[PDB]
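> fold the following.
(3 chains)
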Amino acid sequence: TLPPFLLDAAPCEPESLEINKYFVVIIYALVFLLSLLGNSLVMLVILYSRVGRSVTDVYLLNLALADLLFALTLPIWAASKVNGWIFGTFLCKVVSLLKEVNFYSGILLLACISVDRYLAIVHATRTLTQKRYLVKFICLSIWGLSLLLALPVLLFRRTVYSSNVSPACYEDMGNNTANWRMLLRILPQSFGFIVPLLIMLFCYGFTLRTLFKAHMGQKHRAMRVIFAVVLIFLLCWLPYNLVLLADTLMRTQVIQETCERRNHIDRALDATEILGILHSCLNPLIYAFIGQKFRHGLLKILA
Amino acid sequence: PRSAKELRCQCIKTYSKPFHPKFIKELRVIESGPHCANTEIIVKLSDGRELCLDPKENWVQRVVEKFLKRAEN
Amino acid sequence: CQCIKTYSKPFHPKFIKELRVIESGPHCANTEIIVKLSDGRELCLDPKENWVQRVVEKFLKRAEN
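Residues are numbered from 1 along each chain as shown, chains lettered A, B, ... in the order given. Below is the structure in question.
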């Protein structure tokens, strides 16, 4: 008849804050507005004149559409972050499908642009360069692959009502949902980070190697642009994937699990999601408006 | 009530030393679901400290049943 | 206390996701039972009602699987 006492076997209760909520709302609204304006301007510049529509123009059009759809979906995500998912199951499914489809499409389009530049520079004089005039079919295939890879979100998502937390547009795959979610996370980290990252690194490394050996007067600017693109992609996507892998390891008990680490991982996940959302706004500047053609077009249109 | 994009179990480990039910005042049982793969039993102690019991261990069922029976009276 | 009124319409236990029991004491007079259902609603159940007692036992037995 002795009190059992407490020896760290206590429920780990999550910590809630409201400043982060207001900051998240402001950041999401700013990102929404910037992405909308930039993507609309890119689309208008490309579509105003049908003269000189090259492969890069098609790629940029597809990328702009993807980013515009992502930004258009953002506001409901911001509201959900504010007060959890109150909008119902059907909207959860549809919005998640749109968001993930556009995310996959954007990443794969960046990879395709990298391959296009590799072919256009490294193999400029060879006969392989002629194989880059299949932009329409390649873009259609990328969109189809994104739609295929986004199916699990559509099929296995609904509204989950928990006790410690507000309702969430989560996945409900049964009593064993955690393991299936961990497995399904393999697709975003393989066809979303690792494969595009390797393709981009290979292509841009060889492109830089060829450029450094040339004697043109414009080598420096192209090299700086390539470095900026690669660093932007890394800064945007590496932290989120690193934190996701850390969470996956923590759940599997490969790394020790404690309340402090869980709270830190949640905070890092939120911060890294906010950080990675900036790609929809930074793509138009990095890929489209850093070129003379688009700037001249923008100047001409305003006449 | 906050919001999170990762749902986790509420108990990391469980108390293992059997103890008399007289020290229990409040009980909570959470069925397994999307949030956690195992049922969770959390009990308040006499002094206010909270504990996580093992849902499948033998003595836990006895203790929970005795507490509920006594409270129901 | 944490409960005021209790539902008077019995419902199938299959919707009960979470259960909580608070014994009477200095804080209140009658033991309180709070159930969180699949649809997000929170209900307070009177321990003295037979249907409440049966539902609690059914939920407890199911949760032990």
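> with adjacent residues omitted, what lies nearest to residue A:293?
Computed as Cβ to Cβ, 6 or more residues apart in numbering or on different chains, the closest residue to residue A:293 that is not its neighbour in sequence is residue A:52, at 7.8 Å. Yep, even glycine has a C-beta here, placed from its N, CA and C like the rest.
> oh, that last question was meant for residue B:40, not what I typed.
Residue nearest to residue B:40 in three dimensions, not counting chain neighbours: residue B:30, with 4.3 Å by Cβ to Cβ, 6+ apart.
> and that neighbour, what does it touch?
By Cβ atoms under 8 Å, 6 or more residues apart in numbering or on different chains, residue B:30 lies in contact with A:163, B:10, B:36, B:39-42, C:17-18.
> generate a ChimeraX selection restricted to the buried entries among those residues.
Of these, the buried ones can be selected in ChimeraX as follows, counting by 16 or more other Cβ atoms under 10 Å in any protein chain shown:
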select /B:10,36,39,40,41,42 /C:17,18
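> chain B against chain C: which residues are in contact?
B:25-33, B:39, B:55-56, B:61, B:64, B:67-68, B:71-72 (Cβ under 8 Å from any Cβ of the partner chain).
> and the helices in the stretch 101-250 of chain A?
A:135-149, A:151-155, A:177-184, A:186-189, A:195-213, A:219-251 (DSSP state H, counting those that start in this stretch).
> contacting residues for residue A:286?
Contact analysis of residue A:286 by Cβ under 8 Å, 6+ apart lists A:228-229, A:232.
> and the gap between it and residue A:226?
11 Å (Cβ to Cβ, to the nearest Å).
> before we move on, back to that, please list the members of the contacts of residue B:30 that lie in strands.
Members of those lying in strands (criterion: DSSP state E): B:40-42, C:17-18.
> the residues you listed into a markdown table, with extra columns for distance to residue A:222?
Listed next are these as a markdown table, based on distance: Cβ to Cβ, whole Å:
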| residue | distance to residue A:222 |
| --- | --- |
| B:40 | 58 |
| B:41 | 64 |
| B:42 | 61 |
| C:17 | 59 |
| C:18 | 60 |
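> number of nearby residues for residue A:99?
When neighbours are counted by other Cβ atoms under 10 Å in any protein chain shown, residue A:99 registers 19.
> then residue A:161?
Residue A:161 has 22 neighbours, counted by other Cβ under 10 Å.
> repeat for residue A:297
A count of neighbours around residue A:297, defined by other Cβ under 10 Å, yields 21.
> regarding the nearest residue to it once chain neighbours are set aside, which helix or strand does it belong to?
Closest residue to residue A:297 apart from its sequence neighbours, by Cβ to Cβ, 6+ apart: residue A:45 at 4.6 Å. Assigned by DSSP states H and E, residue A:45 belongs to helix A:19-48.
> residue A:91 too?
Short version, using DSSP H and E: residue A:91 is in helix A:89-121.
> name the residues of that helix that are buried.
Neighbour-count burial for helix A:89-121 flags A:92-93, A:95-119, A:121 (criterion: 16+ other Cβ under 10 Å).
> off-centre distance for it?
From the chain centre to the centre of helix A:89-121 is a distance of 8 Å (Cα atoms, centre = their mean, to the nearest Å).
> next: stretch A:84-100.
A distance of 18 Å separates the centroid of the chain from that of stretch A:84-100, by Cα atoms, centre = their mean.
> give me the contacts around it.
For stretch A:84-100, contacts defined as Cβ under 8 Å, 6+ apart pick out A:69-70, A:73, A:76-77, A:79-80, A:146, A:149-150, A:153-154, A:157-159, A:165-169, B:1, B:3.
> can you give me phi and psi for residue 3?
All of this is about chain A. Note on residue A:3: backbone dihedrals following degrees, to the nearest 10 are phi -50, psi 130.
> got the residues of chain B near chain A?
Within reach of chain A by Cβ under 8 Å from any Cβ, chain B has these residues: B:1-8, B:10-15, B:17, B:19-20, B:22-23, B:30, B:32-37, B:42, B:45-47, B:49-52.
> ok and the residue in chain A nearest chain C?
residue A:161 (4.0 Å; Cβ to the nearest Cβ).
> that residue and residue B:35, how far apart?
Counting by Cβ to Cβ - residue A:161 and residue B:35 are separated by 10 Å.
> kindly report the same for residue B:44.
For residue B:44, the distance to residue B:35 (Cβ to Cβ) stands at 21 Å.
> do the same with residue A:290
Taking Cβ to Cβ as the measure, residue A:290 falls 46 Å from residue B:35.
> what's the burial count for the nearest residue to residue B:5 once chain neighbours are set aside?
For residue B:5, ignoring the flanking residues on the chain, the nearest one in space by Cβ to Cβ, 6+ apart is residue A:269 at 6.6 Å. Per other Cβ under 10 Å, the neighbour tally for residue A:269 reads 19.
> verify the stated contact: residue A:269 with residue A:241.
No: in terms of Cβ atoms under 8 Å, residue A:269 does not count as a neighbour of residue A:241; the distance is 11.1 Å.
> figure out the helix or strand that the nearest residue to residue A:249 once chain neighbours are set aside lives in.
Distances taken as Cβ to Cβ, 6+ apart place residue A:255 nearest to residue A:249, at 4.9 Å, with adjacent residues excluded. For residue A:255, there is no host helix or strand (DSSP H and E).
> residues in contact with the residue in the stretch 1-150 of chain A positioned nearest to chain B?
Minimum separation of the stretch 1-150 of chain A from chain B (Cβ to the nearest Cβ) falls at residue A:16, amounting to 3.2 Å. Residue A:16 sits next to B:1-2 when contact means Cβ under 8 Å, 6+ apart.
> SS state for it?
Following DSSP: H, G, I helix; E, B strand; the rest coil, the label given to residue A:16 is coil.
> got the phi and psi for it?
Residue torsions, per degrees, to the nearest 10, at residue A:16 are phi -120, psi 140.
> mind checking if stretch A:172-186 is in reach of chain C?
No: Stretch A:172-186 lies apart from chain C when judged by Cβ under 8 Å from any Cβ; the minimum separation is 9.3 Å.
> close to chain C: what parts of the stretch 151-300 of chain A are there?
A:161, A:163, A:167.
> which one of the residues you listed is nearest chain B?
Taking Cβ to the nearest Cβ as the measure, chain B sits nearest to residue A:163 out of those, at 6.9 Å.
> now do the residue lying closest to the closest one once chain neighbours are set aside against residue A:282, distance only.
If the residues on either side of it in the chain are set aside, residue A:163 comes closest to residue C:18, at 5.4 Å by Cβ to Cβ, 6+ apart. Distance, residue C:18 to residue A:282, using Cβ to Cβ: 43 Å.
> who touches stretch B:45-56?
Contacts to stretch B:45-56, defined as Cβ under 8 Å, 6+ apart, come from residues A:3-6, A:9-11, B:10-16, B:22-25, B:38-44, B:60, B:63-64, C:63-64.
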